[PDB]
């Protein structure tokens, strides 16, 4: 197990299925995360991918036990992990423009949306996050407004 932290729902951890990580709450698996370097992935074809650019895909299993704010706790765990690695300079994501739930999460974490791209299988938004705006969003979250 690579990483752990505490949230309201319980203790979140990450263990390798490094490029595909299983995520658990209280030792129960509840999400999959794919973790890639931007340079070597499809997304690297649509912009000038830099050294330090990493992306992620995230899948959250359906909720038998429906727990408030669970998506935000997963998402923020994932980002906190990526930013715990000093080689990760910037997080790049390519959410499908229709996937409204992931855009809410992205924006809450300080992601900046650049422009849409057509990747053939989907139209995506290209969006970035660095530590500065992420840490500021964490401060927003702790101020409870």
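Residue numbers count along the first chain shown, from 1.
Going from residue 17 to residue 18, you skip over 10 or more residues of the deposited sequence that the entry leaves unmodelled. On average the C-alpha atoms of 61 to 69 have higher B-factors than those of the other stretch, with 61 to 69 and 99 to 107 being the two compared. Across the two stretches, 73 to 81 and 49 to 57, the PDB entry reports the greater mean Cα temperature factor for 49 to 57. In the deposited entry, the Cα temperature factor of residue 24 sits in the top third of values across the chain's modelled residues. Per the PDB record, residue ranking by Cα B-factor puts residue 115 in the lowest third of the chain. Per the PDB record, residue ranking by Cα B-factor puts residue 2 in the highest third of the chain. Annotation for residue 145: CA B-factor lies in the highest third of the chain's modelled residues.
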